[PDB]
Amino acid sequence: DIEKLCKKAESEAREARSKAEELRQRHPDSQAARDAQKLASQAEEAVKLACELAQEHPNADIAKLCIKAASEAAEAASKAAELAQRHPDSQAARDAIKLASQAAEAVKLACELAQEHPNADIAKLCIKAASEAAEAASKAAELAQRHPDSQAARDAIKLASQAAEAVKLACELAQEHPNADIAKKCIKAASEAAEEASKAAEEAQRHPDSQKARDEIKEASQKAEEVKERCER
């Protein structure tokens, strides 16, 4: 069962890598192409780490959670790369690539934390937060593909990036203090930020001019900035 999950994750990572390779082949010295290469590398790394964790902890919840997270990260990578293919010389595409990179990094960090502390609830919290960050990245990329030059897409990408950064920081804090209440508070807050990012992106996908989507983006952004402001130590 776990094997097939790892295979699926691997396949998605391969999709991301294929798109990155297409970009690199078409325009080698392009910033977006190189960024996409690095992104594909990070997706592959996340998947590799997840599968390794699966080897270290057979049929453990932590393992399948990590594999699913890595799959989400690879999916986000693929979507960002595709956005880059559909819009060359586009700053939004580069920002989406960077976003997918941040999500990948968050998943990698959550997997490392899980490898260090497999039986800590903070590990599951961090994996969940990382997964939600990846999902938010995917939805922001979807929105950007659906409405390329829209304010909604840009704001969604920015918000998803902020949420990814917040999850990253909370996971670092958790790595420093795995038993600390503050680490749990931070990772839950970052999780909420990512969730709201996803919700807002979903709102804006259907209704790009949704004022509710904009308000949710505001709120989620303020939450992410608060997390990044409070969870440095």
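Numbers follow the displayed sequence, beginning with 1.
Between 202-210 and 65-73 (mean CA B-factor, as deposited), the higher
Averaging CA B-factors over each stretch, the winner is 202-210.
If you take the mean CA temperature factor per stretch, which one wins between 85-93 and 137-145?
Going by the record's values, the stretch with the higher mean is 85-93.
Among the candidates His177, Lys38, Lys188, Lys168, give the one with the maximum CA B-factor reported in the record.
Within the set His177, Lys38, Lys188, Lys168, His177 shows the top C-alpha B-factor.
Using the B-factor values recorded in the entry, state whether the Cα atom of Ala120 falls in the lowest, middle or highest third among the modelled residues of its chain.
Highest third.
Comparing against every modelled residue in the chain, figure out the third that the C-alpha B-factor of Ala60 lands in (lowest, middle or highest).
Tercile = highest for this residue's CA B-factor.
Ranking every modelled residue in this chain by its Cα temperature factor as given in the entry, which third contains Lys218?
As the PDB entry reports it, the C-alpha B-factor of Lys218 lands in the highest third of its chain.
If you rank the chain by CA B-factor, which third does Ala13 end up in: lowest, middle or highest?
It belongs to the middle third of the chain when residues are ordered by C-alpha B-factor.
Going by the entry, which third of its chain does the Cα temperature factor of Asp29 land in?
CA B-factor rank for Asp29: highest third.
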